[PDB]
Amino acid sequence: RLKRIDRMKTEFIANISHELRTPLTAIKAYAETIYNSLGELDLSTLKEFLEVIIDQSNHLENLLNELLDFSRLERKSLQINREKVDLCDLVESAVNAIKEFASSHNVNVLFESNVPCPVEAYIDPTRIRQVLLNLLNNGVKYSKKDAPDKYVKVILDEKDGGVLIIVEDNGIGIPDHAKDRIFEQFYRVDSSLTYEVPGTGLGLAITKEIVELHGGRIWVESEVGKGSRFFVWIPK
């Protein structure tokens, strides 16, 4: 009954606005420039500008799928559907999808498996890819400012009759009082080191609910200024 704060809801609302505003600024400026500069655009720059509109729409779409997904989990209307899948291609696929966002922030993205591939499991591939994408995303968003060796790595292993996925970064880390709260809806660490980073605080609550729907768990280990390890255990 103590769960949540209405003030957290007010901050959330403001945060959605902020996160959607960025891609919309690009869409509107790029579209209006094209409209007013037809005689002043060469063809490769015209196509470049249209590709920014499209790619910024796709980012915005993703942000809208996060809100939806959350409302669905919230109202327990999202039922998972499992099948055998190879997590080695799953993880490589997710690393692939994140390369652009990552190089835009000079973050290198790796994948090591402690166990030979394929690592096969009975999971919802779409829902688990979404888990991996929120962790990789986070590893980029919360990476160090000004560092030449910034990274997020996915490490895969088979433990406890289950698969164990670690996503390690050398980013800003999470203060100890915050580790207990990061998985909660609307929670974001508020510091001078996260001021310009956009988000809603929905990512890890969605991840956690998805992991739990598989009968798995997710936990965190972090050192302020060293970085973080998110551990996802799912049964096989």
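We number the residues from 1 along the sequence you see.
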* Quick one: say whether 191-199 or 47-55 has the higher mean Cα B-factor in the deposited entry. => 191-199
* Comparing 70-78 with 132-140, which stretch shows the greater average C-alpha B-factor in the deposited entry? -> 70-78
* Thinking about Cα B factors across the chain, which third does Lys28 belong to? -> lowest
* Structure fact -> Tertile call for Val220 (CA temperature factor, within chain, third-based) is the middle
* Looking at the C-alpha B-factor of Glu61, is it in the lowest, middle or highest third of its chain? -> lowest
* **Relative C-alpha B-factor of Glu168, binned into the chain's lowest, middle or highest third** => middle
* Lowest, middle or highest third: where is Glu209 by Cα B-factor in its chain? -> middle
